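Presented below is the structure to which this report refers.
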There are 2 protein chains.
Amino acid sequence: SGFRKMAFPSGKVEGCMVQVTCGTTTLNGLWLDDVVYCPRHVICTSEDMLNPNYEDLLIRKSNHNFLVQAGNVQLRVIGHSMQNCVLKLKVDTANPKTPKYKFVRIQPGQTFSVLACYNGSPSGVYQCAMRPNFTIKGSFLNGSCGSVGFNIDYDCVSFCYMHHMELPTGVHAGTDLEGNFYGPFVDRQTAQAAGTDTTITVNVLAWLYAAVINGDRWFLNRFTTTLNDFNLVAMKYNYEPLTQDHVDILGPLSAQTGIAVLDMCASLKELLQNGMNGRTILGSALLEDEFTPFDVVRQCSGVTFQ
Amino acid sequence: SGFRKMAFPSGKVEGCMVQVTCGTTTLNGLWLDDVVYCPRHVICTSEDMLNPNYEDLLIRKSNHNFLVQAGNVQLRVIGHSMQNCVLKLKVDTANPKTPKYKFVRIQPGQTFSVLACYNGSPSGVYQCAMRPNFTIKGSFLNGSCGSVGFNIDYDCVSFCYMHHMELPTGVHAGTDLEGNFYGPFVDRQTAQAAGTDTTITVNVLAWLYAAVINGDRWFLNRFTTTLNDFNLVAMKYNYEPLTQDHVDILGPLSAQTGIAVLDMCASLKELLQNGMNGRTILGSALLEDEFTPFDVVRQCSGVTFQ
């Protein structure tokens, strides 16, 4: 028993992280087969970032302007191309540590692990969620750009996030591994608005089911409610509306605990309207939304990977 | 910027985890050089756990009674030995993945990462603190025994914990890698009292400095206090007393932020007596005590490892 915000084991990803240097700028890249992936702004100076013309900047760079280092091995760069906001550097050596991998674009509300890196070397791993407004609330310092987010499925690493920048508000924005930003952001140093952010309701419900499984039951109430009645309340507190698809995904947790989804919703509605009044749930004084239904099932059934 | 409960990258430990089955009992072991370390209660049935005589039980077990397995590699057990509460199963093959490592016994209030494993296969990684009462609040299901806790000292893995049991109260107990329990616990299925748990005050202060580094300043106040007046309030709220050694440890954070340690303590005094009244610190509505002063420095300065 017990319940923790758990990250995926990072070993398969650690063997893919390299250091990419172009001119003065150094950041992290991801080396899979014979291609290194990194944020295109590796080719920018600090002044360039205010207003970069990436095509004009890239034309002034040749294959030998890129220093790629995997530990104490330099890799030789044999071609380079820009794909949206990522650079693809073809190198002469295929990574012998390349795991089975996929590139995936995740949806808001999904969770993933981030391996925070500096100079191509790992610093730490943590779990977070893609917010409904397409930002993430990470922990990133200068030089962490190119750090990647990932999930693991048995033997397969699914890469879903590459870090590109910190907004003036202190939240983080990045791309999938095809170089397309999550959200309306662009890779330039200018004020950029994120959307209003909302709480991920299906995740909160999953977490309440985790709490029941672990013995926290005090919030279970007599009442019930309807989907429209609940969504009317959730919108008043900036919660995402719940759909039938969300109810379907919660089915297994309903079966395991014997608590119908709409009953669990009526408990939540009362927590929203009256608060927690100094009590806690799974050790927390706030309603938690960074666990998906699949995360709860994984942690409560003990799933493992290759 | 940002602050997350970050674990150490787990890659160096993942290549050391094996499955150890003895009779019907299956748990995790740790394979370093040609020795597999695992909880000695792997030799017990569920009935044996009520009242085991480990020396008599171990006598009736031979080398061929231990099935050791690492992916699809069978290991041949050459010898066996019991060191306190750990079983040392010595094998014919030395682990080619053996990292640079050390065994260390940690002190209460120190933090480490746990690599949660089932059947010798890594499931997830999370950071926790050794509580002042020598339990950990982990996340562990049946068959997670033998999962290990560790820190990374630059190039060296420091192993400090191996999981042995879940107490009737849902908290977790285990040993160092020499087999000596942390706390007053024994490896048998009987009710065992953990001490009163206290909040790790030096860690709370470190996290308040993290909050200042990251822009949360609202709790900073006008006042100051003596180490006695503070320790007097702290004991009222089941906080660990603060010593001069703790003040010394916090020096670098004081210097970085320009806030004297005693001034931070005066801030903490006020939060305890008047609560937080519905606002948060670093996204949390409770005072956090699972970051050490060194964890904060690591995360706020971007330390990496081999």
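Proteins get letters first, then strands, A, B, ... in listed order; numbering begins at 1 in each.
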Looking at A/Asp216 and A/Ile281, would you say the former's side chain and the latter's main chain have a donor-acceptor pair under 3.5 Å?
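Here the side-chain-to-backbone pair does not exist.
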Between A/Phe291 and A/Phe3, does the ring centre distance come in under 6.0 Å?
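Between A/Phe291 and A/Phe3, the centre distance is under 6.0 Å.
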Could you tell me which of A/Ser121, A/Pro9, A/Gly11, A/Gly71 has the largest number of non-hydrogen atom pairs under 4.5 Å with chain B?
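Looking at each option in turn, the highest pair count goes to A/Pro9.
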Between A/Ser1, A/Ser10, A/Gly278, the one whose heavy-atom pairs under 4.5 Å with chain B are most numerous
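When all of A/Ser1, A/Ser10, A/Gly278 are compared, A/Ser1 has the most.
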Tell me yes or no: between the side chains of B/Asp295 and B/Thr111, is some donor less than 3.5 Å from an acceptor?
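There is such a pair between these side chains.
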Side chains of A/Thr21 and A/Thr26 only: does a donor on one sit below 3.5 Å from an acceptor on the other?
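Indeed, the side chains of A/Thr21 and A/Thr26 share at least one donor-acceptor pair under 3.5 Å.
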Test applied, side-chain contact (heavy atoms from CB on, under 4.5 Å); reference residue, A/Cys117; option that passes from A/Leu27, A/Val13, A/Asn28
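It is A/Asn28, the one option of A/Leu27, A/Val13, A/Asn28 that forms the side-chain contact (heavy atoms from CB on, under 4.5 Å) with A/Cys117.
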Which pair of heavy atoms, one from A/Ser284 and one from A/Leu286, lies closest together, and at what distance?
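Heavy atoms of A/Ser284 and A/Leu286 come nearest at OG-O, 2.9 Å.
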Provide the closest heavy-atom pair for B/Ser147 versus B/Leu115 in the form atom of the first, atom of the second, distance.
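So the minimum-distance heavy-atom pair works out to CB-O, 3.4 Å.
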Which residues from residues 132-144 of chain B are near chain A, with near meaning under 4.5 Å between non-hydrogen atoms?
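If one takes a 4.5 Å heavy-atom cut-off, the residues of residues 132-144 of chain B near chain A are B/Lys137, B/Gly138, B/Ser139, B/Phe140, B/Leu141.
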Using non-hydrogen atoms only, which part of [X] is less than 4.5 Å away from chain B: side chain, backbone, both, or neither?
X        : value
A/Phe305 : both
A/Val303 : backbone
A/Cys128 : both
A/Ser113 : neither
A/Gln299 : both

With sequence neighbours left out, write down each residue that passes ring-ring contact (aromatic ring centres under 6.0 Å, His included) with A/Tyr161, or none if nothing qualifies.
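ring-ring contact (aromatic ring centres under 6.0 Å, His included) check on A/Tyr161 returns A/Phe112.
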